[PDB]
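Below sits a lone chain in structure tokens, taken as the form deposited in one PDB entry.
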């Protein structure tokens, strides 16, 4: 009755299925930055845990009508999971219904373009349409544009939700794929961490251009008020100060980089 249920999401290189996952079981079926972070937190907080992939594969949004949550956030909110260890962005609306540790990773929305194509900035994109651009059809990135009060980003939002040929995508894979075949006619807006990862994987034909549009962080989430929150938060700060969080990113991002 003491095992901690960890809700997470299959997103490379955070949580991935090991090659021989079929001959494995339990937490051993998975590997990745977050699988490793889960092990380190558990050790530091002294608890057993079971990794479980979020059922609807969503991060966490609330319906404006019903006010019901889905994704990992919903798992925590509705008593399904005891902790969320994944690339979950710390946001206002979420902070109101669940707890978040201080960030374990710092990032920001960035611009992905087809390598060999002209550099583009948010400003640049907002002033045209020949080059289509969009975001994941759900998540904090799409929300950023919907709730920002910055002229440039508001202009970009108006354009994106109005773009007849939908500029949104359902998965990171889709966005990346779209960038790779659009010959510069499609710029994908995604979190810098993922942009950096893809840039380190074959075919190596994409790249992060310009600075980030904002500064956010991923955090470990627990149900509102959970006593597990305090220890977890302190574990994150300790892990970061010991340099372990940095070694984890180098391991899963740059150590096996395949683009030079």
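Rigid core: the largest C-alpha set superposing within 1.5 Å between the two forms. Positions refer to the first chain, counted from 1.
Mean C-alpha temperature factor, higher of 62 to 70 and 225 to 233: Taking the mean B-factor of the alpha carbons in each, 62 to 70 is higher.
127 to 135 or 73 to 81, whichever carries the higher mean Cα B-factor: In the deposited entry, the stretch with the higher C-alpha B-factor mean is 127 to 135.
From 209, 41, 35, 54, residue of greatest CA B-factor: Max CA B-factor in the entry, restricted to 209, 41, 35, 54: 209.
Candidate set 163, 90, 189, 105 [ranked by C-alpha B-factor, highest]: Reading the PDB entry, the winner on C-alpha B-factor is 163.
Chain-relative CA temperature factor third for residue 151: CA B-factor rank for residue 151: middle third.
Cα B factor band for residue 241 (lowest, middle or highest third within the chain): Its C-alpha B-factor belongs to the lowest third of this chain's values.
Relative C-alpha B-factor of residue 4, binned into the chain's lowest, middle or highest third: Middle third of the chain for residue 4's C-alpha B-factor.
Ranked against its chain, the third holding the CA B-factor of residue 94: Lowest third of the chain for residue 94's C-alpha B-factor.
CA B-factor ranking of residue 24, expressed as a third of its chain: It belongs to the highest third of the chain when residues are ordered by C-alpha B-factor.
Form deposited in another entry: not shown, discussed below.
Shifted position (C-alpha, 2 Å or more, core held fixed) between the shown form and the other one, chosen from 97, 90, 107, 132: After core superposition, the single residue displaced by 2 Å or more is 132.
C-alpha of residue 77 moved at least 2 Å between the shown form and the other one on rigid core: Superposed on the core, residue 77 moves its C-alpha less than 2 Å between the shown form and the other one.
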